[PDB]
file run_13.txt (compact mmCIF, C-alpha atoms)
# COMPACT_ATOMS: atom_id res chain seq x y z
CA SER A 5 92.79 77.80 64.10
CA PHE A 6 90.56 75.10 65.86
CA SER A 7 91.53 71.50 65.08
CA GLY A 8 89.99 68.04 65.47
CA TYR A 9 86.40 69.18 66.04
CA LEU A 10 83.49 67.08 64.89
CA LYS A 11 80.89 69.10 62.97
CA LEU A 12 77.37 68.71 64.44
CA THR A 13 75.51 71.44 62.49
CA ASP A 14 76.28 74.37 60.14
CA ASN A 15 77.67 76.34 63.13
CA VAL A 16 78.18 73.96 66.08
CA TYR A 17 81.37 71.86 66.47
CA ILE A 18 82.42 69.54 69.33
CA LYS A 19 85.64 68.02 70.69
CA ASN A 20 86.67 65.92 73.71
CA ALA A 21 89.06 68.42 75.24
CA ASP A 22 89.91 70.29 78.38
CA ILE A 23 88.72 73.87 77.59
CA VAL A 24 91.73 75.33 79.51
CA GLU A 25 94.17 73.37 77.35
CA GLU A 26 92.14 74.26 74.20
CA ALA A 27 92.22 77.97 75.13
CA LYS A 28 96.01 77.97 75.80
CA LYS A 29 96.61 76.22 72.43
CA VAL A 30 94.22 78.30 70.26
CA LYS A 31 94.04 81.59 72.23
CA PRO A 32 90.58 82.32 70.76
CA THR A 33 88.90 85.73 70.52
CA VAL A 34 86.31 84.53 73.04
CA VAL A 35 86.41 81.77 75.61
CA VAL A 36 83.11 81.17 77.46
CA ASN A 37 83.22 80.62 81.19
CA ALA A 38 80.48 78.60 82.98
CA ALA A 39 80.05 81.35 85.55
CA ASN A 40 77.77 81.86 88.54
CA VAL A 41 76.05 85.22 89.23
CA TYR A 42 78.75 86.29 91.75
CA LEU A 43 81.63 85.38 89.36
CA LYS A 44 83.07 83.19 92.14
CA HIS A 45 85.20 80.81 90.08
CA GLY A 46 85.60 77.95 92.51
CA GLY A 47 85.03 74.70 90.68
CA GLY A 48 84.26 73.05 87.33
CA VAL A 49 85.11 75.05 84.21
CA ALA A 50 85.25 78.38 86.13
CA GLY A 51 87.70 77.08 88.74
CA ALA A 52 89.89 75.55 86.03
CA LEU A 53 89.90 78.71 83.81
CA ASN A 54 90.58 80.95 86.81
CA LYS A 55 93.44 78.70 88.02
CA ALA A 56 95.02 78.92 84.53
CA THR A 57 94.97 82.76 84.83
CA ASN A 58 96.85 82.54 88.19
CA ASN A 59 93.69 83.98 89.86
CA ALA A 60 93.79 87.15 87.68
CA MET A 61 90.29 86.27 86.38
CA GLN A 62 88.95 86.19 89.98
CA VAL A 63 90.57 89.54 90.89
CA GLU A 64 89.12 91.20 87.79
CA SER A 65 85.72 89.50 88.47
CA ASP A 66 85.65 90.76 92.07
CA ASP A 67 86.21 94.32 90.85
CA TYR A 68 83.40 93.85 88.27
CA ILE A 69 80.97 92.60 91.01
CA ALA A 70 82.00 95.42 93.40
CA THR A 71 81.08 97.94 90.65
CA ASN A 72 78.04 96.32 89.02
CA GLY A 73 76.58 93.79 91.43
CA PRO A 74 75.75 90.20 90.49
CA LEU A 75 74.76 88.94 87.06
CA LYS A 76 71.30 87.45 86.39
CA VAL A 77 70.89 83.70 85.81
CA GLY A 78 70.79 83.58 81.98
CA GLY A 79 72.97 86.67 81.70
CA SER A 80 76.57 87.39 80.89
CA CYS A 81 79.38 89.89 80.96
CA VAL A 82 82.51 90.32 78.82
CA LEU A 83 85.78 90.54 80.69
CA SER A 84 89.46 89.94 79.77
CA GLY A 85 90.52 86.46 78.66
CA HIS A 86 93.98 87.04 80.28
CA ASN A 87 96.44 84.37 78.99
CA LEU A 88 93.59 82.20 77.59
CA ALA A 89 91.75 84.38 75.06
CA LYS A 90 91.27 88.02 74.02
CA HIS A 91 87.98 88.04 76.02
CA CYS A 92 86.13 85.83 78.41
CA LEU A 93 82.36 85.79 78.06
CA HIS A 94 81.17 84.83 81.57
CA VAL A 95 77.76 83.21 81.00
CA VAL A 96 75.47 82.07 83.82
CA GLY A 97 73.46 78.99 83.01
CA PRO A 98 70.83 77.81 85.53
CA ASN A 99 72.29 75.61 88.25
CA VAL A 100 69.77 72.75 88.66
CA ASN A 101 71.56 71.77 91.92
CA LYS A 102 70.45 75.25 93.27
CA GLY A 103 66.84 74.74 92.02
CA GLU A 104 67.18 77.35 89.22
CA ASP A 105 64.74 77.30 86.26
CA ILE A 106 66.08 75.05 83.41
CA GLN A 107 64.11 77.31 80.97
CA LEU A 108 66.80 79.97 81.52
CA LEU A 109 69.29 77.72 79.64
CA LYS A 110 68.02 79.08 76.28
CA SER A 111 68.52 82.67 77.54
CA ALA A 112 72.05 81.80 78.67
CA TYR A 113 72.89 80.42 75.17
CA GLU A 114 71.47 83.58 73.49
CA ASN A 115 74.47 85.51 74.89
CA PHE A 116 76.68 83.52 72.44
CA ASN A 117 74.91 85.19 69.48
CA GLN A 118 76.67 88.50 70.23
CA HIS A 119 80.05 86.90 69.23
CA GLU A 120 80.97 85.60 65.78
CA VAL A 121 83.06 82.72 67.12
CA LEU A 122 83.45 81.22 70.59
CA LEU A 123 85.28 78.38 72.37
CA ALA A 124 82.73 77.18 75.00
CA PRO A 125 81.66 74.49 77.41
CA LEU A 126 78.10 73.02 77.53
CA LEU A 127 76.15 75.43 79.72
CA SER A 128 74.56 74.05 82.90
CA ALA A 129 76.39 70.71 82.37
CA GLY A 130 78.83 69.18 84.90
CA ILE A 131 78.54 70.52 88.44
CA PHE A 132 75.60 72.75 87.28
CA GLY A 133 73.46 69.58 87.27
CA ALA A 134 71.54 69.79 83.99
CA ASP A 135 71.38 66.94 81.45
CA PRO A 136 74.26 67.59 78.98
CA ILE A 137 72.23 65.97 76.13
CA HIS A 138 69.54 68.62 76.73
CA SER A 139 72.21 71.40 76.94
CA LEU A 140 73.64 70.38 73.54
CA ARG A 141 70.11 70.38 72.06
CA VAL A 142 69.42 73.91 73.39
CA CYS A 143 72.85 75.01 72.11
CA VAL A 144 72.27 73.83 68.51
CA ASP A 145 68.66 75.26 68.52
CA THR A 146 69.69 78.68 69.98
CA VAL A 147 73.21 79.63 68.91
CA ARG A 148 73.55 80.92 65.33
CA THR A 149 77.22 82.02 65.57
CA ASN A 150 80.22 79.62 65.34
CA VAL A 151 80.58 77.66 68.58
CA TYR A 152 83.38 75.20 69.30
CA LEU A 153 82.29 73.07 72.25
CA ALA A 154 84.93 71.47 74.46
CA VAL A 155 83.60 68.47 76.46
CA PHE A 156 86.08 67.42 79.17
CA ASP A 157 84.66 63.98 79.92
CA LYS A 158 85.47 61.37 77.13
CA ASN A 159 82.55 59.10 78.11
CA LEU A 160 80.11 62.05 78.02
CA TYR A 161 81.60 63.24 74.68
CA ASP A 162 80.95 59.75 73.18
CA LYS A 163 77.38 59.72 74.53
CA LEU A 164 76.69 63.26 73.21
CA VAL A 165 77.92 62.47 69.67
CA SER A 166 76.27 59.01 69.47
CA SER A 167 72.89 60.32 70.72
CA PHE A 168 72.84 63.55 68.64
CA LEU A 169 69.86 63.83 66.38
call {"tool": "encode", "arguments": {"input": "run_13.txt", "output": "structure tokens"}}
result
Amino acid sequence: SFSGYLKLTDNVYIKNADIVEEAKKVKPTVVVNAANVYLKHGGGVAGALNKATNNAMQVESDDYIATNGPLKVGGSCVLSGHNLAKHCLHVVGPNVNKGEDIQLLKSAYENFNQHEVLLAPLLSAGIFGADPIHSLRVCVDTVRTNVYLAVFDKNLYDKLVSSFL
């Protein structure tokens, strides 16, 4: 199963890991993607997960958008996890760099509650521009299901654990 995670709460665990490498090792039921509303997986977690699927995630995502239109900020959709997981839960956290409402971060984390266990990144962190300390706080106060957080940056991982209340 998952190994080397530090327990933060009853249901939230954290590890300094590349989520792509974690997904290929564990092959979880659900891997969360830090998606945008158009499912255009260019950079950050989305670009790395899509690259690991040899672009199959992008092709499937384009068909989903052609059929359904864009997601909402705070929303999600379940698609295939390809070679990384059984499913990929594409969740859209607010992108602060695009001036989106940070209050939608709690709504984005609520999508995790529909899945018993997930491998996930910190929503709205990284290139999405939100404070990762705040994202971890919203995660532990919103998600009730088992979430295994993979934090790519070692220095940020150390800061998140050492500042966790």
call {"tool": "residues_around", "arguments": {"input": "run_13.txt", "residues": "residue 126 (chain A)", "least_positions_apart": "3", "cutoff": "7 Å", "atoms": "only C-alpha atoms", "output": "tab-separated table (two decimals) with C-alpha atoms, in the coordinates of the input"}}
result
chain	number	residue	atom	x	y	z
A	129	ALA	CA	76.39	70.71	82.37
A	136	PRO	CA	74.26	67.59	78.98
A	139	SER	CA	72.21	71.40	76.94
A	140	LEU	CA	73.64	70.38	73.54
A	153	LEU	CA	82.29	73.07	72.25
call {"tool": "atom_distance", "arguments": {"input": "run_13.txt", "atom1": "CA of residue 105 (chain A)", "atom2": "CA of residue 41 (chain A)"}}
result
14.1 Å
call {"tool": "residues_near_point", "arguments": {"input": "run_13.txt", "point": "(79.4, 84.9, 67.9)", "cutoff": "12 Å", "atoms": "all atoms listed in the file", "output": "ChimeraX atom specification"}}
result
/A:15-16,32-36,93,113-124,146-152
call {"tool": "atom_distance", "arguments": {"input": "run_13.txt", "atom1": "CA of residue 101 (chain A)", "atom2": "CA of residue 130 (chain A)"}}
result
10.4 Å
call {"tool": "closest_residue", "arguments": {"input": "run_13.txt", "among": "A:157, A:104, A:67, A:145", "to": "residue 21 (chain A)", "atoms": "only C-alpha atoms"}}
result
A:157
call {"tool": "residues_around", "arguments": {"input": "run_13.txt", "residues": "region 45-62 of chain A", "least_positions_apart": "4", "cutoff": "10 Å", "atoms": "all atoms listed in the file", "output": "ChimeraX atom specification"}}
result
/A:22-25,27-28,35-40,66-68,83-88,92,94,124-126,129-132,156
call {"tool": "axis_aligned_box", "arguments": {"input": "run_13.txt", "around": "region 130-144 of chain A", "padding_each_side": "5 Å", "output": "JSON"}}
result
{"center_x": 74.1, "center_y": 70.5, "center_z": 78.5, "size_x": 19.4, "size_y": 19.0, "size_z": 29.9}
call {"tool": "closest_residue", "arguments": {"input": "run_13.txt", "among": "A:111, A:162, A:155, A:106", "to": "residue 138 (chain A)", "atoms": "only C-alpha atoms"}}
result
A:106
call {"tool": "residues_near_point", "arguments": {"input": "run_13.txt", "point": "(75.1, 68.3, 67.6)", "cutoff": "10 Å", "atoms": "all atoms listed in the file", "output": "count of residues only"}}
result
23
call {"tool": "atom_distance", "arguments": {"input": "run_13.txt", "atom1": "CA of residue 82 (chain A)", "atom2": "CA of residue 102 (chain A)"}}
result
24.1 Å
call {"tool": "closest_residue", "arguments": {"input": "run_13.txt", "among": "A:73, A:8, A:79, A:97", "to": "residue 26 (chain A)", "atoms": "all atoms listed in the file"}}
result
A:8
call {"tool": "closest_residue", "arguments": {"input": "run_13.txt", "among": "A:133, A:81, A:65, A:89", "to": "residue 31 (chain A)", "atoms": "all atoms listed in the file"}}
result
A:89
call {"tool": "decode", "arguments": {"input": "run_13.txt", "residues": "region 102-149 of chain A", "atoms": "N, CA and C atoms", "output": "compact mmCIF listing (two decimals), in the first residue's frame"}}
result
# COMPACT_ATOMS: atom_id res chain seq x y z
N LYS A 102 -4.79 33.68 -11.66
CA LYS A 102 -5.85 34.12 -12.57
C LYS A 102 -6.92 34.98 -11.85
N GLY A 103 -6.68 35.37 -10.60
CA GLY A 103 -7.62 36.16 -9.82
C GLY A 103 -8.90 35.43 -9.42
N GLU A 104 -8.82 34.08 -9.28
CA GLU A 104 -10.00 33.29 -8.88
C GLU A 104 -10.20 33.33 -7.36
N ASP A 105 -11.44 33.17 -6.89
CA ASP A 105 -11.75 33.31 -5.47
C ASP A 105 -11.16 32.18 -4.62
N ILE A 106 -10.24 32.50 -3.68
CA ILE A 106 -9.60 31.52 -2.80
C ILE A 106 -10.64 30.77 -1.96
N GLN A 107 -11.86 31.33 -1.75
CA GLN A 107 -12.92 30.65 -1.00
C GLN A 107 -13.38 29.36 -1.67
N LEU A 108 -13.18 29.24 -3.00
CA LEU A 108 -13.52 28.05 -3.74
C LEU A 108 -12.58 26.88 -3.44
N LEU A 109 -11.48 27.09 -2.68
CA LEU A 109 -10.59 26.00 -2.32
C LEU A 109 -11.30 24.96 -1.45
N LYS A 110 -12.17 25.40 -0.51
CA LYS A 110 -12.91 24.42 0.29
C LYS A 110 -13.85 23.58 -0.58
N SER A 111 -14.52 24.21 -1.56
CA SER A 111 -15.38 23.47 -2.48
C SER A 111 -14.59 22.47 -3.30
N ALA A 112 -13.37 22.85 -3.73
CA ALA A 112 -12.54 21.92 -4.50
C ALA A 112 -12.17 20.69 -3.64
N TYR A 113 -11.82 20.92 -2.34
CA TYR A 113 -11.48 19.78 -1.47
C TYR A 113 -12.70 18.88 -1.17
N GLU A 114 -13.91 19.43 -1.18
CA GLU A 114 -15.11 18.63 -0.92
C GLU A 114 -15.27 17.48 -1.92
N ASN A 115 -14.76 17.64 -3.14
CA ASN A 115 -14.81 16.58 -4.14
C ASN A 115 -14.11 15.30 -3.63
N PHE A 116 -13.07 15.46 -2.77
CA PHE A 116 -12.34 14.30 -2.26
C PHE A 116 -13.23 13.39 -1.40
N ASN A 117 -14.26 13.96 -0.78
CA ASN A 117 -15.14 13.20 0.11
C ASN A 117 -15.98 12.14 -0.59
N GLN A 118 -16.03 12.17 -1.93
CA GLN A 118 -16.75 11.14 -2.67
C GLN A 118 -15.91 9.88 -2.89
N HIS A 119 -14.64 9.85 -2.38
CA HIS A 119 -13.73 8.73 -2.62
C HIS A 119 -13.14 8.32 -1.29
N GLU A 120 -13.17 7.01 -0.99
CA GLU A 120 -12.68 6.53 0.30
C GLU A 120 -11.19 6.77 0.52
N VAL A 121 -10.38 6.67 -0.53
CA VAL A 121 -8.96 6.91 -0.40
C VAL A 121 -8.42 7.53 -1.68
N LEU A 122 -7.54 8.53 -1.51
CA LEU A 122 -6.98 9.23 -2.68
C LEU A 122 -5.50 9.54 -2.47
N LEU A 123 -4.75 9.51 -3.56
CA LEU A 123 -3.38 10.02 -3.63
C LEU A 123 -3.59 11.43 -4.26
N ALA A 124 -3.09 12.51 -3.63
CA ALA A 124 -3.40 13.85 -4.12
C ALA A 124 -2.30 14.84 -3.91
N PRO A 125 -2.32 15.93 -4.69
CA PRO A 125 -1.43 17.05 -4.40
C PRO A 125 -2.21 18.08 -3.55
N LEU A 126 -1.52 19.12 -3.03
CA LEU A 126 -2.18 20.22 -2.35
C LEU A 126 -2.84 21.11 -3.39
N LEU A 127 -4.17 21.22 -3.33
CA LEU A 127 -4.90 22.00 -4.31
C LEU A 127 -4.55 23.46 -4.22
N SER A 128 -4.49 24.10 -5.40
CA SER A 128 -4.17 25.52 -5.56
C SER A 128 -2.72 25.88 -5.15
N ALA A 129 -1.90 24.89 -4.81
CA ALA A 129 -0.50 25.15 -4.46
C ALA A 129 0.33 25.19 -5.78
N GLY A 130 1.63 25.44 -5.68
CA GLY A 130 2.49 25.47 -6.85
C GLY A 130 2.12 26.59 -7.79
N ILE A 131 2.06 26.27 -9.09
CA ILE A 131 1.77 27.26 -10.11
C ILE A 131 0.36 27.84 -10.02
N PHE A 132 -0.53 27.28 -9.15
CA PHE A 132 -1.86 27.85 -8.91
C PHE A 132 -1.82 29.07 -7.95
N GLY A 133 -0.67 29.33 -7.35
CA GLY A 133 -0.45 30.56 -6.62
C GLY A 133 -0.96 30.74 -5.22
N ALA A 134 -1.69 29.76 -4.66
CA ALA A 134 -2.19 29.92 -3.29
C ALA A 134 -1.10 29.54 -2.28
N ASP A 135 -1.27 29.96 -1.01
CA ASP A 135 -0.32 29.62 0.04
C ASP A 135 -0.53 28.13 0.37
N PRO A 136 0.51 27.28 0.19
CA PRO A 136 0.36 25.86 0.49
C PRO A 136 0.04 25.55 1.96
N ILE A 137 0.47 26.41 2.90
CA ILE A 137 0.13 26.24 4.32
C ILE A 137 -1.40 26.37 4.48
N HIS A 138 -2.00 27.35 3.80
CA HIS A 138 -3.44 27.53 3.84
C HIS A 138 -4.14 26.33 3.16
N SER A 139 -3.61 25.86 2.00
CA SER A 139 -4.20 24.70 1.32
C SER A 139 -4.22 23.45 2.21
N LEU A 140 -3.13 23.20 2.96
CA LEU A 140 -3.09 22.06 3.86
C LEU A 140 -4.13 22.21 4.97
N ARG A 141 -4.29 23.43 5.49
CA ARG A 141 -5.28 23.71 6.54
C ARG A 141 -6.70 23.42 6.02
N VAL A 142 -7.02 23.92 4.82
CA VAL A 142 -8.34 23.67 4.24
C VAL A 142 -8.53 22.17 3.97
N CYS A 143 -7.47 21.48 3.53
CA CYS A 143 -7.54 20.04 3.32
C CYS A 143 -7.93 19.29 4.62
N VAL A 144 -7.18 19.53 5.70
CA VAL A 144 -7.44 18.78 6.94
C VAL A 144 -8.82 19.15 7.55
N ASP A 145 -9.31 20.39 7.33
CA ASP A 145 -10.61 20.84 7.84
C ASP A 145 -11.79 20.50 6.93
N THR A 146 -11.53 19.96 5.72
CA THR A 146 -12.62 19.68 4.76
C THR A 146 -12.74 18.20 4.41
N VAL A 147 -11.60 17.55 4.13
CA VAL A 147 -11.61 16.17 3.70
C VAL A 147 -11.78 15.24 4.92
N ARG A 148 -12.74 14.33 4.81
CA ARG A 148 -13.02 13.34 5.84
C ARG A 148 -12.56 11.93 5.45
N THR A 149 -12.34 11.70 4.14
CA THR A 149 -11.86 10.43 3.61
C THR A 149 -10.30 10.39 3.70
